[PDB]
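Student: The file below is start06.txt, compact mmCIF, C-alpha atoms:
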```txt
# COMPACT_ATOMS: atom_id res chain seq x y z
CA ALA A 650 0.00 0.00 0.00
CA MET A 651 0.97 3.68 -0.23
CA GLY A 652 2.44 5.62 2.61
CA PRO A 653 5.39 6.06 4.97
CA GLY A 654 6.31 3.93 7.95
CA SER A 655 8.94 2.02 9.83
CA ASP A 656 9.38 -1.01 7.60
CA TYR A 657 10.74 -4.34 8.79
CA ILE A 658 13.96 -5.37 7.07
CA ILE A 659 14.40 -9.13 7.22
CA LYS A 660 18.03 -10.09 6.57
CA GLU A 661 18.44 -13.85 6.27
CA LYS A 662 21.55 -16.00 6.32
CA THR A 663 22.45 -19.68 6.58
CA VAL A 664 25.76 -20.19 8.36
CA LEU A 665 27.96 -23.25 8.84
CA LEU A 666 29.79 -23.48 12.17
CA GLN A 667 32.59 -26.02 12.62
CA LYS A 668 34.40 -26.18 15.96
CA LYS A 669 36.81 -28.38 17.85
CA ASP A 670 35.54 -30.71 20.55
CA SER A 671 37.46 -28.46 23.00
CA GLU A 672 35.57 -25.31 21.92
CA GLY A 673 32.16 -23.77 22.15
CA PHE A 674 30.52 -22.17 19.16
CA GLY A 675 30.94 -18.85 20.99
CA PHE A 676 27.40 -17.56 21.44
CA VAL A 677 24.75 -17.30 24.14
CA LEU A 678 21.35 -18.70 23.18
CA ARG A 679 18.27 -17.22 24.84
CA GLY A 680 14.56 -17.81 24.43
CA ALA A 681 11.31 -19.20 25.75
CA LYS A 682 11.59 -22.27 28.00
CA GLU A 689 0.46 -20.95 21.06
CA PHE A 690 3.23 -18.76 19.65
CA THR A 691 2.81 -16.77 16.43
CA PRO A 692 5.95 -15.76 14.51
CA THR A 693 5.87 -12.20 13.22
CA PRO A 694 8.44 -9.82 11.70
CA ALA A 695 8.74 -8.21 15.14
CA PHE A 696 9.65 -11.56 16.77
CA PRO A 697 10.17 -14.33 14.23
CA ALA A 698 11.35 -17.21 16.47
CA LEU A 699 11.50 -18.16 20.12
CA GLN A 700 15.29 -18.50 20.37
CA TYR A 701 17.82 -15.81 19.51
CA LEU A 702 21.47 -14.96 20.07
CA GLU A 703 21.87 -13.00 23.30
CA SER A 704 25.54 -12.35 22.49
CA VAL A 705 28.33 -13.58 20.23
CA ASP A 706 31.94 -13.78 21.42
CA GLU A 707 34.09 -11.47 19.30
CA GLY A 708 36.57 -13.67 17.45
CA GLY A 709 34.90 -16.97 18.32
CA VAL A 710 33.62 -19.52 15.81
CA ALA A 711 30.14 -18.02 15.52
CA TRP A 712 31.49 -14.48 15.18
CA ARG A 713 34.02 -15.44 12.52
CA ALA A 714 31.33 -17.29 10.59
CA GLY A 715 29.19 -14.13 10.67
CA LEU A 716 26.60 -14.49 13.47
CA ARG A 717 25.77 -11.48 15.65
CA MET A 718 23.72 -10.73 18.77
CA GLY A 719 20.03 -10.47 17.99
CA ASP A 720 19.99 -13.14 15.26
CA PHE A 721 16.78 -15.20 15.51
CA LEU A 722 17.22 -18.95 15.02
CA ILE A 723 15.01 -20.24 12.21
CA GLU A 724 16.49 -23.68 11.45
CA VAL A 725 19.07 -25.83 13.24
CA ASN A 726 20.80 -28.49 11.10
CA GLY A 727 17.97 -28.28 8.59
CA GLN A 728 15.30 -28.69 11.29
CA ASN A 729 12.87 -25.83 11.93
CA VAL A 730 13.15 -24.35 15.44
CA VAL A 731 10.91 -21.30 15.04
CA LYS A 732 8.37 -22.48 17.62
CA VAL A 733 10.64 -24.81 19.60
CA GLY A 734 11.42 -24.31 23.29
CA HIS A 735 14.82 -23.46 24.72
CA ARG A 736 15.83 -26.85 26.13
CA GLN A 737 14.81 -28.65 22.95
CA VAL A 738 16.67 -26.19 20.70
CA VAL A 739 19.69 -26.61 22.97
CA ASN A 740 19.22 -30.37 22.45
CA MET A 741 19.51 -30.00 18.68
CA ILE A 742 22.73 -27.98 18.86
CA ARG A 743 24.00 -30.70 21.22
CA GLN A 744 22.91 -33.58 18.96
CA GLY A 745 24.73 -31.88 16.05
CA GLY A 746 28.16 -32.12 17.64
CA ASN A 747 31.06 -29.98 16.47
CA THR A 748 29.19 -28.82 13.33
CA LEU A 749 26.10 -26.59 13.28
CA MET A 750 24.23 -25.37 10.20
CA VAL A 751 21.92 -22.63 11.40
CA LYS A 752 19.56 -20.40 9.45
CA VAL A 753 19.03 -17.08 11.21
CA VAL A 754 17.28 -13.78 10.51
CA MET A 755 18.22 -10.32 11.67
CA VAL A 756 15.20 -8.00 11.81
CA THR A 757 15.64 -4.23 11.83
CA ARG A 758 13.23 -1.34 11.45
CA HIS A 759 13.94 1.26 8.89
CA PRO A 760 12.25 4.59 8.07
CA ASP A 761 10.38 4.49 4.77
CA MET A 762 9.46 7.94 3.41
CA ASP A 763 7.17 6.68 0.65
CA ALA A 764 4.49 9.21 -0.28
CA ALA A 765 0.99 9.03 1.19
CA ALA A 766 -2.09 7.91 -0.72
CA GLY A 767 -3.44 10.47 -3.17
CA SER A 768 0.08 11.76 -3.91
CA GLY A 769 0.18 10.10 -7.33
CA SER A 770 3.56 8.55 -6.47
CA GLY A 771 4.45 4.87 -6.43
CA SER A 772 3.99 2.59 -3.45
CA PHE A 773 7.41 0.89 -3.18
CA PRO A 774 9.59 1.46 -0.10
CA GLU A 775 11.69 4.61 -0.07
CA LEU A 776 14.12 3.64 2.68
CA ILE A 777 16.32 6.43 4.01
CA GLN A 778 19.99 6.11 3.12
CA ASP A 779 22.24 5.09 6.03
CA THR A 780 26.00 5.33 6.37
CA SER A 781 28.50 4.19 8.96
CA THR A 782 31.43 5.81 10.72
CA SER A 783 33.83 3.89 12.96
CA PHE A 784 34.73 5.22 16.38
CA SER A 785 36.53 1.96 17.10
CA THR A 786 40.09 1.83 18.34
CA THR A 787 40.90 -0.43 15.37
CA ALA B 650 -5.52 0.40 25.82
CA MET B 651 -6.91 -2.97 26.86
CA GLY B 652 -6.43 -6.08 24.76
CA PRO B 653 -3.67 -7.07 22.35
CA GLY B 654 -1.31 -4.60 20.71
CA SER B 655 2.24 -4.08 19.54
CA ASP B 656 4.52 -4.16 22.61
CA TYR B 657 7.74 -2.15 22.71
CA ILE B 658 10.10 -2.25 25.69
CA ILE B 659 12.15 0.93 25.84
CA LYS B 660 15.17 1.42 28.10
CA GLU B 661 16.88 4.82 28.23
CA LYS B 662 20.39 5.27 29.63
CA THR B 663 22.76 8.22 29.83
CA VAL B 664 26.44 7.30 30.08
CA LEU B 665 29.69 9.24 30.28
CA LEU B 666 32.37 7.92 27.91
CA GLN B 667 35.92 8.99 28.78
CA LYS B 668 38.67 7.59 26.56
CA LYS B 669 42.43 7.94 26.24
CA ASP B 670 44.25 9.31 23.20
CA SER B 671 45.08 5.70 22.25
CA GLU B 672 41.44 4.53 22.17
CA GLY B 673 38.34 5.13 20.20
CA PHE B 674 35.03 5.33 22.00
CA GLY B 675 34.61 1.73 20.81
CA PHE B 676 31.49 1.71 18.65
CA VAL B 677 30.47 2.11 15.03
CA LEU B 678 27.83 4.75 14.45
CA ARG B 679 25.28 4.13 11.68
CA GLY B 680 22.34 6.19 10.55
CA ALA B 681 20.69 8.54 8.13
CA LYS B 682 22.74 10.72 5.83
CA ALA B 683 21.74 14.40 5.96
CA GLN B 684 19.74 14.19 2.73
CA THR B 685 16.34 15.68 1.89
CA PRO B 686 13.88 12.99 3.16
CA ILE B 687 15.36 13.23 6.68
CA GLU B 688 13.31 16.42 7.17
CA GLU B 689 10.20 14.20 7.07
CA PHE B 690 11.34 12.03 9.99
CA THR B 691 9.34 11.72 13.20
CA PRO B 692 10.70 9.53 16.02
CA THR B 693 8.49 6.57 17.01
CA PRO B 694 8.79 3.66 19.47
CA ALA B 695 9.84 1.46 16.55
CA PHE B 696 12.54 3.92 15.48
CA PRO B 697 13.42 6.53 18.09
CA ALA B 698 16.33 8.28 16.33
CA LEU B 699 18.21 8.50 13.05
CA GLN B 700 21.61 7.41 14.43
CA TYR B 701 22.31 4.14 16.21
CA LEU B 702 25.13 1.79 17.19
CA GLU B 703 25.89 -0.68 14.42
CA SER B 704 28.38 -2.39 16.71
CA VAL B 705 30.17 -1.95 20.03
CA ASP B 706 33.71 -3.25 20.49
CA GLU B 707 33.70 -5.98 23.11
CA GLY B 708 35.60 -4.68 26.12
CA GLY B 709 36.01 -1.16 24.72
CA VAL B 710 35.02 2.15 26.29
CA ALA B 711 31.41 2.08 25.09
CA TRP B 712 31.05 -1.61 25.97
CA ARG B 713 32.27 -1.11 29.53
CA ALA B 714 29.70 1.66 30.00
CA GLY B 715 27.05 -0.84 28.91
CA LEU B 716 26.29 0.34 25.36
CA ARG B 717 25.44 -2.41 22.87
CA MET B 718 24.62 -2.89 19.20
CA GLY B 719 21.28 -1.39 18.26
CA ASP B 720 21.18 1.44 20.84
CA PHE B 721 19.70 4.63 19.36
CA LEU B 722 21.48 7.94 20.00
CA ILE B 723 19.14 10.53 21.55
CA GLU B 724 21.60 13.14 22.87
CA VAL B 725 25.31 13.87 22.37
CA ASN B 726 26.96 16.02 25.08
CA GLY B 727 23.59 17.51 25.99
CA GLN B 728 22.46 18.23 22.41
CA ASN B 729 19.50 16.38 20.94
CA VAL B 730 20.45 14.34 17.85
CA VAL B 731 17.18 12.46 17.27
CA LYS B 732 16.53 14.19 13.93
CA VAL B 733 20.14 15.06 13.07
CA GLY B 734 21.97 13.72 10.02
CA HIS B 735 24.96 11.44 10.22
CA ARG B 736 27.84 13.81 9.42
CA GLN B 737 26.64 16.39 11.93
CA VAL B 738 26.36 13.81 14.71
CA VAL B 739 29.83 12.53 13.80
CA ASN B 740 31.16 16.09 14.00
CA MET B 741 29.41 16.67 17.33
CA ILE B 742 31.06 13.52 18.72
CA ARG B 743 34.45 14.65 17.39
CA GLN B 744 33.98 18.12 18.92
CA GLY B 745 33.76 16.48 22.36
CA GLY B 746 37.33 15.18 22.14
CA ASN B 747 38.02 12.34 24.56
CA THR B 748 34.76 12.76 26.48
CA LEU B 749 31.30 11.79 25.21
CA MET B 750 28.11 12.05 27.24
CA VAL B 751 25.44 10.22 25.29
CA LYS B 752 21.85 9.30 26.06
CA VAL B 753 20.67 6.20 24.21
CA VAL B 754 17.44 4.24 23.88
CA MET B 755 17.26 0.48 23.48
CA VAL B 756 14.01 -0.86 22.01
CA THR B 757 13.07 -4.52 22.22
CA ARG B 758 9.99 -6.49 21.29
CA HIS B 759 8.08 -9.26 23.06
CA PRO B 760 6.92 -12.58 21.56
CA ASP B 761 3.36 -12.53 20.22
CA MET B 762 0.89 -14.61 22.27
CA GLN B 778 9.90 -17.01 30.91
CA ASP B 779 13.14 -16.82 28.90
CA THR B 780 16.28 -18.82 29.73
CA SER B 781 19.86 -18.40 28.55
CA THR B 782 22.36 -21.15 27.75
CA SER B 783 26.02 -20.40 27.06
CA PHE B 784 27.89 -21.94 24.13
CA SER B 785 31.26 -20.33 24.90
```
Please express what this file holds, its structure, as structure tokens.
Tutor:
Amino acid sequence: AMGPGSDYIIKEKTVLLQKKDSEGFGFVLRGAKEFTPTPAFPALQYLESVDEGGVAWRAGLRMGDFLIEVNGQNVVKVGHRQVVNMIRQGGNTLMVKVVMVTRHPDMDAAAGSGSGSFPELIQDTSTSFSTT
Amino acid sequence: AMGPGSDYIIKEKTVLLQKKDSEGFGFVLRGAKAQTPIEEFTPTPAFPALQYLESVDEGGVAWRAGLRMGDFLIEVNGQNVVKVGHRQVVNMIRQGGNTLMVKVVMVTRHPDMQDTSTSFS
């Protein structure tokens, strides 16, 4: 439809993690221990944090990623213990499909403007204030 | 408003960042370039400000003050930056030198109808 808003940007990625038996994947999983997935909250388990430089980090995962599938099994509505079970049953390899959801201002014209209805997302840019 | 709705959890924090010459403040700032459609921007619960933290260096100055990825910048050294374009916010941060007072907002959503964490470190 026409009009402005805060759109949902759904950024999806399937990631392969391979670790040593002596390692962790380097993330903290958090989620619920009747649910409806939505863009605002697309799965019950998500990454609370990702160790900088660990396996998960180096393979691309980041805090806030929602877990969609674990080793090709859907985990969108699965409880915490059971999702933890699947990562356990997968051993030193984990294929995980995740989504990052962000909101993004869309300045598309309102109805009656005669303009088109596609998103007009504002242009972002980044500037590092990192030490390195 | 009784009954179901869209739930936003908003947490506001003001922190004082003080770094050495050898450090950066320890975050990456991302947000809207100062181009024409930014004049049309109104802050909302879903999107409280035009500039936000794309990342925060683990263990760095911002991190130790508790800032994290996704925090929205509301104020920089007492000046409101909610509607301000990226270069101007960057310059405001630079003008503060090795001290940055920043007020941020973190917005989170609830599942649509408790939570447990498990470490994999």
Student: Residues of chain B within 6 Å of chain A, counting only C-alpha atoms - could you list those as number ranges by chain?
Tutor: B: 672-682, 760-762, 778-785
Student: For the atom pair atom CA of residue 771 of chain A and atom CA of residue 733 of chain B, what is the interatomic distance in Å to one decimal place?
Tutor: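 Between atom CA of residue 771 of chain A and atom CA of residue 733 of chain B the gap is 27.0 Å.
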Student: Using atom CA of residue 719 of chain B and atom CA of residue 730 of chain A as the two end points, give the distance in Å to one decimal.
Tutor: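 Interatomic distance, atom CA of residue 719 of chain B to atom CA of residue 730 of chain A: 24.5 Å.
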Student: Pick out the closest residue to residue 715 of chain A from this set: A:765, A:754, A:740, A:652. Count all atoms listed in the file.
Tutor: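 Looking at the shortest contact to residue 715 of chain A, the residue is A:754.
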Student: Between atom CA of residue 755 of chain A and atom CA of residue 736 of chain B, what is the distance in Å, rounded to a tenth?
Tutor: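 Separation between atom CA of residue 755 of chain A and atom CA of residue 736 of chain B: 26.1 Å.
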Student: Enclose segment 775-787 of chain A, meaning all of its atoms listed in the file, in a box aligned along x, y and z, pad it by 6 Å on each side, and list the centre and edge lengths in Å to one decimal, as JSON.
Tutor:
```
{"center_x": 26.3, "center_y": 3.0, "center_z": 9.1, "size_x": 41.2, "size_y": 18.9, "size_z": 30.4}
```
